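Trainee: If you scroll down you'll find the structure; I have some questions about it.
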Amino acid sequence: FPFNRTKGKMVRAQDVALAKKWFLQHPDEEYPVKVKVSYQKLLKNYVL
Amino acid sequence: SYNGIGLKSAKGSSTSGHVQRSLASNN
Amino acid sequence: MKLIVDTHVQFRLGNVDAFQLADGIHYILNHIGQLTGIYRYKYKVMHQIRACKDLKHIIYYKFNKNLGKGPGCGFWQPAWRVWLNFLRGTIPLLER
Amino acid sequence: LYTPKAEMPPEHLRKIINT
Amino acid sequence: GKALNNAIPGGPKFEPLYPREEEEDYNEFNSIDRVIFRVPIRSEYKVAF
Amino acid sequence: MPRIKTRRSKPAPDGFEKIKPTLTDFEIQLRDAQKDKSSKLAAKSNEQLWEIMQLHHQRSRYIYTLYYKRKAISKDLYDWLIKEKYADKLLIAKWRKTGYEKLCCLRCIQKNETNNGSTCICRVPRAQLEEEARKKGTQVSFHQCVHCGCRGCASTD
RNA sequence: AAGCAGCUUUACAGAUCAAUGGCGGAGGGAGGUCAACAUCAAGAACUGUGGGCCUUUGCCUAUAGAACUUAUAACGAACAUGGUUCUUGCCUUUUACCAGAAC
RNA sequence: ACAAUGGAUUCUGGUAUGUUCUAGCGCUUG
Ligand SMILES: O=P(O)(O)O[C@H]1[C@H](OP(=O)(O)O)[C@@H](OP(=O)(O)O)[C@H](OP(=O)(O)O)[C@@H](OP(=O)(O)O)[C@H]1OP(=O)(O)O
Ligand SMILES: [Mg+2]
Ligand SMILES: [Zn+2]
Ligand SMILES: [Zn+2]
Ligand SMILES: [Zn+2]
């Protein structure tokens, strides 16, 4: 979503979470430890 | 992973909660 | 609010390139803890200040792949959404 | 009996804030 | 993982949902001379089932 | 589409250069009207707001009489002047109605602004105001309306 | 589905040019960062209508219509804050806080 | 045959506090 659609309703500019899909995925082993915490800490706000 | 080791949380512990496996204990 | 409006003024006066405007807005939203002092009077904002810091790590190491360390990243859309949701919950607080 | 809002000029706002 | 107080290796860490965990019953049920140790029960095993 | 000439904005059609000196004279009077002339009276300060609403009316009458009355500009130029905010779309849209031919502005017909469910008194014909004041034995007490200083928008006078 | 017939219409030449019968017609179309009023979380859930029982309610039976929202459950593919209470954290008091719960 | 990384700051701090500071004439007596 939403590229499998061809129609749909408008959403706000607030509601288009461009960076949400980055921390819902596994980062990789190559990232350092200060930015793997940022993946975990944004996941924690997602869960709550 | 939390395989029964570590802390319930690192809030009241005054540590970071960083667990690393002892390379000394193998056999 | 003024600090963000002033960069569009500097862009419109011709003093600031459009990439510097995108980088300037990105610098403001990620450094509100050192440009304003909003934490002194509402310390729950440290969630929002640490969200914009944690978003910056995600944005920089995808932006700066095969690039050097430098200023010009202006993908300010994730950190903009943080303060718009911070402003969502402090409207009922400050009106009271 | 509802007509919508009247859409003032931009200068009408502008004179007030200057005043 | 929040409810079981487990940590997925990339997932978030929370406070205990039931922090009153340290109570226990002295019983012959889960003793070492009872349990066959074949596969270590990982935290991924506890969350999948 | 904005007022500012951006790069998203469309270049003006053919007949624009003939009418541009007449529209600049409305544009420099609106810049001189917003100039913050410091006046201590409330009777004088709204009278300076009244001069802006007159210039907004007169700039839109000019584009109205070019296209609808004398047919002197094309439809593509006239749509450009509305999109570039040279003319008020919804005030011209009232001049086409029958009772609203010489309409003072969109604010003076709003039934919700007034304390009654009424229009402004500058919508009332002057001969009607002379008649009701003749029965009272006085001269008519209305001179200029408080919204934009009109003196009668009624189509009959 | 080419072609023939049946049917439905159609530009119509009609029969009638009456009583007819069918479909359409007896105050538009597209919209608006316009407004008002309803309505939007529950036995997987609604309402109108007819019939019967008890004496209106409720139940049973028959029928018509159900927009939006919902199953890896929710108007929002998005996501803040506050109050109270419980339990912690920081550790001069308070506010502002820490981070889990329940309402 | 190990990839596990909590924090973060503002406010409430010995002179405090308290008083007086009629210039520009209110009619008559004095
Ligand atoms: O000094 P480093 O450890 O290399 O980190 C810097 C630093 O951010 P962090 O210290 O939080 O990682 C910079 O931020 P400042 O604190 O100096 O403001 C940031 O750039 P900005 O200054 O614009 O925030 C820069 O990012 P980059 O150089 O990629 O633009 C980043 O360097 P890293 O790339 O190593 O994170
Ligand atoms: Mg005390
Ligand atoms: Zn008028
Ligand atoms: Zn008027
Ligand atoms: Zn008027």
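Chain lettering (A, B, ...) mirrors the order of the structure tokens, residue numbering begins at 1 for each chain separately, and ligand numbering begins at 1 in order of display.
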Kindly compile the residues surrounding ligand 1 within 7 Å, counting only C-alpha atoms (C1' of nucleotides) and all ligand atoms, and format them as an NGL selection string.

Mentor: :C and (27 or 57 or 60-61 or 64 or 69-73)

Trainee: Could you please extract the residues within 10 Å of ligand 2, counting only C-alpha atoms (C1' of nucleotides) and all ligand atoms, and hand them back as a list in words?

Mentor: residues 93 and 94 of chain G; 12 of chain H

Trainee: Residue 14 (chain A): which residues within 7 Å, counting only C-alpha atoms (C1' of nucleotides), same-chain residues fewer than 2 positions away excluded, as a ChimeraX atom specification?

Mentor: /A:12,16 /C:81

Trainee: Within 7 Å of ligand 5, counting only C-alpha atoms (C1' of nucleotides) and all ligand atoms: which residues, as a PyMOL selection string?

Mentor: chain F and resi 104+108+120-123+145-150

Trainee: Give me the residues of chain C that have any atom at most 6 Å from an atom of chain G; for each, the nearest atom pair and the distance in Å, rounded to one decimal. Use only C-alpha atoms (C1' of nucleotides), sort by chain and number, and format it as a Markdown table.

Mentor:
```
| residue | atom | partner | partner_atom | distance |
| --- | --- | --- | --- | --- |
| C:85 | CA | G:80 | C1' | 4.9 |
| C:86 | CA | G:80 | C1' | 5.6 |
| C:88 | CA | G:80 | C1' | 5.4 |
| C:89 | CA | G:81 | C1' | 4.0 |
```

Trainee: For N, CA and C atoms, I'd like the residues from the last selection saved as a CSV table (one decimal), in the first residue's frame.

Mentor:
```
chain,number,residue,atom,x,y,z
C,85,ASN,N,2.7,16.6,16.2
C,85,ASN,CA,2.0,15.8,17.1
C,85,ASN,C,2.2,16.3,18.6
C,86,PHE,N,3.4,16.9,18.8
C,86,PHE,CA,3.6,17.6,20.1
C,86,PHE,C,2.6,18.8,20.2
C,88,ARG,N,-0.2,18.9,18.9
C,88,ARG,CA,-1.6,18.3,18.9
C,88,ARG,C,-2.0,18.2,20.4
C,89,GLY,N,-1.1,17.8,21.3
C,89,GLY,CA,-1.5,17.5,22.6
C,89,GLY,C,-1.3,18.7,23.6
```

Trainee: Within 10 Å of chain A, which residues of chain G show up when using only C-alpha atoms (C1' of nucleotides), listed as a ChimeraX atom specification?

Mentor: /G:76-79

Trainee: Given the choices C:7, C:96, C:90, C:12, which gets closest to chain F if the distance is worked out from only C-alpha atoms?

Mentor: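 Closest to chain F of all the choices is C:12.
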
Trainee: Fewer than 6 positions away in the same chain doesn't count, so skip those; otherwise give me all residues within 12 Å of residue 40 (chain E), counting only C-alpha atoms (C1' of nucleotides), as a list in words.

Mentor: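 That gives residues 2, 3 and 4 of chain B; 46 of chain E.
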
Trainee: So which residues touch region 2-10 of chain D within 9 Å, counting only C-alpha atoms (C1' of nucleotides), skipping near sequence neighbours fewer than 2 positions away, as a VMD selection string?

Mentor: (chain D and resid 12 to 15) or (chain F and resid 52 to 53 56 88 90 to 91 105 to 107 109 to 112) or (chain G and resid 34 to 35)

Trainee: Starting from chain B, keep only residues with some atom at most 12 Å from an atom of chain E, counting only C-alpha atoms, and report them as a list in words.

Mentor: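 The answer, sorted by residue number, is residues 1, 2, 3, 4, 5, 6, 7, 8, 9, 10, 11, 12, 13, 16, 17, 18 and 19 of chain B.
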
Trainee: State, in Å with one decimal place, the distance from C1' of residue 3 (chain H) to CA of residue 55 (chain C).

Mentor: 22.8 Å

Trainee: Applying 10 Å and only C-alpha atoms (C1' of nucleotides), which residues near residue 45 (chain A) remain after dropping the ones on its own chain fewer than 6 positions away? List them as a list in words.

Mentor: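 Listing them by chain and then by number gives residues 47 and 51 of chain C; 12 of chain E.
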
Trainee: Pick out the residues sitting within 12 Å of residue 19 (chain D), and hand them over as a list in words; count only C-alpha atoms (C1' of nucleotides), and ignore anything fewer than 3 positions along from it in its own chain.

Mentor: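 Answer for this query is residues 11, 12, 13, 14, 15 and 16 of chain D; 33, 34, 35, 36, 37, 38, 39, 40, 41, 42, 44, 45, 46, 48 and 49 of chain F.
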
Trainee: For the residues in that selection, give me N, CA and C atoms as an mmCIF file, in the first residue's frame.

Mentor:
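Once written, result-v4.cif looks like this:
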```
data_model
loop_
_atom_site.group_PDB
_atom_site.id
_atom_site.type_symbol
_atom_site.label_atom_id
_atom_site.label_comp_id
_atom_site.auth_asym_id
_atom_site.auth_seq_id
_atom_site.Cartn_x
_atom_site.Cartn_y
_atom_site.Cartn_z
ATOM 1 N N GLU D 11 -5.282 43.204 1.435
ATOM 2 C CA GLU D 11 -4.821 44.465 1.993
ATOM 3 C C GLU D 11 -5.638 44.893 3.198
ATOM 4 N N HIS D 12 -6.875 44.405 3.313
ATOM 5 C CA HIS D 12 -7.722 44.741 4.452
ATOM 6 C C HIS D 12 -7.149 44.188 5.748
ATOM 7 N N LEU D 13 -6.694 42.936 5.729
ATOM 8 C CA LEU D 13 -5.930 42.380 6.841
ATOM 9 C C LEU D 13 -4.629 43.136 7.052
ATOM 10 N N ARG D 14 -3.984 43.524 5.955
ATOM 11 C CA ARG D 14 -2.649 44.102 6.000
ATOM 12 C C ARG D 14 -2.658 45.488 6.629
ATOM 13 N N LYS D 15 -3.716 46.259 6.384
ATOM 14 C CA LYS D 15 -3.832 47.586 6.979
ATOM 15 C C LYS D 15 -4.061 47.505 8.480
ATOM 16 N N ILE D 16 -4.807 46.493 8.930
ATOM 17 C CA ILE D 16 -5.121 46.351 10.349
ATOM 18 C C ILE D 16 -3.855 46.072 11.149
ATOM 19 N N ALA F 33 -2.245 52.889 0.335
ATOM 20 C CA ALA F 33 -3.341 52.874 1.293
ATOM 21 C C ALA F 33 -3.031 52.044 2.525
ATOM 22 N N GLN F 34 -2.114 51.089 2.412
ATOM 23 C CA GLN F 34 -1.740 50.192 3.494
ATOM 24 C C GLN F 34 -0.508 50.691 4.238
ATOM 25 N N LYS F 35 -0.162 51.963 4.049
ATOM 26 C CA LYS F 35 1.141 52.540 4.352
ATOM 27 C C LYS F 35 1.349 52.808 5.846
ATOM 28 N N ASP F 36 0.356 52.496 6.692
ATOM 29 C CA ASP F 36 0.353 52.785 8.133
ATOM 30 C C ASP F 36 0.501 54.290 8.377
ATOM 31 N N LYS F 37 -0.503 55.026 7.921
ATOM 32 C CA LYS F 37 -0.643 56.430 8.273
ATOM 33 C C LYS F 37 -1.233 56.501 9.673
ATOM 34 N N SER F 38 -0.427 56.939 10.635
ATOM 35 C CA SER F 38 -0.791 56.850 12.042
ATOM 36 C C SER F 38 -1.812 57.925 12.385
ATOM 37 N N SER F 39 -3.018 57.497 12.746
ATOM 38 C CA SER F 39 -4.119 58.393 13.063
ATOM 39 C C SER F 39 -4.756 57.938 14.365
ATOM 40 N N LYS F 40 -5.010 58.887 15.266
ATOM 41 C CA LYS F 40 -5.478 58.530 16.596
ATOM 42 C C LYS F 40 -6.980 58.294 16.668
ATOM 43 N N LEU F 41 -7.748 58.717 15.669
ATOM 44 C CA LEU F 41 -9.195 58.591 15.731
ATOM 45 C C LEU F 41 -9.655 57.243 15.205
ATOM 46 N N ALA F 42 -10.661 56.674 15.868
ATOM 47 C CA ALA F 42 -11.332 55.509 15.311
ATOM 48 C C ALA F 42 -12.221 55.896 14.141
ATOM 49 N N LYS F 44 -11.318 58.051 11.882
ATOM 50 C CA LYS F 44 -10.419 58.170 10.746
ATOM 51 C C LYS F 44 -9.759 56.858 10.367
ATOM 52 N N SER F 45 -9.591 55.942 11.318
ATOM 53 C CA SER F 45 -8.840 54.725 11.042
ATOM 54 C C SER F 45 -9.638 53.753 10.188
ATOM 55 N N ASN F 46 -10.938 53.615 10.455
ATOM 56 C CA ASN F 46 -11.758 52.776 9.591
ATOM 57 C C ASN F 46 -12.000 53.440 8.246
ATOM 58 N N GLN F 48 -9.718 54.796 6.621
ATOM 59 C CA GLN F 48 -8.603 54.315 5.822
ATOM 60 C C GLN F 48 -8.788 52.858 5.420
ATOM 61 N N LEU F 49 -9.515 52.073 6.216
ATOM 62 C CA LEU F 49 -9.938 50.756 5.754
ATOM 63 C C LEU F 49 -11.022 50.864 4.696
#
```

Trainee: Rounded to one decimal, what separation in Å do you get between CA of residue 4 (chain C) and CA of residue 45 (chain C)?

Mentor: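 Taking CA of residue 4 (chain C) and CA of residue 45 (chain C), their separation equals 18.1 Å.
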
Trainee: Using only C-alpha atoms (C1' of nucleotides) and a cut-off of 9 Å, which residues of chain G sit close to chain E? Please list them as a list in words.

Mentor: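 Close to chain E, chain G has residues 87, 99, 100 and 101 of chain G.
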
Trainee: Please produce an output containing N, CA and C atoms (P, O5', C5', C4', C3', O3' and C1' of nucleotides) for each residue in the selection, written as a PDB file, in the first residue's frame.

Mentor:
```pdb
ATOM      1  P     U G  87       0.847   1.131  45.994  1.00  0.00           P
ATOM      2  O5'   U G  87       1.977   0.672  44.973  1.00  0.00           O
ATOM      3  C5'   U G  87       2.198  -0.706  44.722  1.00  0.00           C
ATOM      4  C4'   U G  87       3.003  -0.935  43.469  1.00  0.00           C
ATOM      5  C3'   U G  87       4.426  -0.409  43.469  1.00  0.00           C
ATOM      6  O3'   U G  87       5.328  -1.234  44.182  1.00  0.00           O
ATOM      7  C1'   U G  87       3.381   0.158  41.433  1.00  0.00           C
ATOM      8  P     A G  99      10.558   7.525  30.500  1.00  0.00           P
ATOM      9  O5'   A G  99      10.356   5.951  30.425  1.00  0.00           O
ATOM     10  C5'   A G  99      10.947   5.085  31.386  1.00  0.00           C
ATOM     11  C4'   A G  99       9.989   4.009  31.815  1.00  0.00           C
ATOM     12  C3'   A G  99       8.823   3.764  30.864  1.00  0.00           C
ATOM     13  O3'   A G  99       8.599   2.364  30.825  1.00  0.00           O
ATOM     14  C1'   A G  99       8.002   4.166  33.023  1.00  0.00           C
ATOM     15  P     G G 100       7.788   1.701  29.621  1.00  0.00           P
ATOM     16  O5'   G G 100       6.298   1.747  30.166  1.00  0.00           O
ATOM     17  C5'   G G 100       5.371   0.732  29.854  1.00  0.00           C
ATOM     18  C4'   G G 100       4.959  -0.038  31.080  1.00  0.00           C
ATOM     19  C3'   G G 100       3.478  -0.065  31.372  1.00  0.00           C
ATOM     20  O3'   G G 100       2.740  -0.883  30.497  1.00  0.00           O
ATOM     21  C1'   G G 100       4.619   0.327  33.366  1.00  0.00           C
ATOM     22  P     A G 101       1.402  -0.297  29.847  1.00  0.00           P
ATOM     23  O5'   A G 101       0.308  -0.645  30.937  1.00  0.00           O
ATOM     24  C5'   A G 101       0.251  -1.962  31.446  1.00  0.00           C
ATOM     25  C4'   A G 101      -0.405  -2.023  32.792  1.00  0.00           C
ATOM     26  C3'   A G 101      -1.843  -1.569  32.832  1.00  0.00           C
ATOM     27  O3'   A G 101      -2.723  -2.560  32.349  1.00  0.00           O
ATOM     28  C1'   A G 101      -0.671  -0.642  34.653  1.00  0.00           C
TER      29        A G 101
END
```

Trainee: Could you tell me how far CA of residue 79 (chain C) sits from CA of residue 40 (chain A), in Å to one decimal place?

Mentor: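 Atom-to-atom, CA of residue 40 (chain A) to CA of residue 79 (chain C), that is 17.1 Å.
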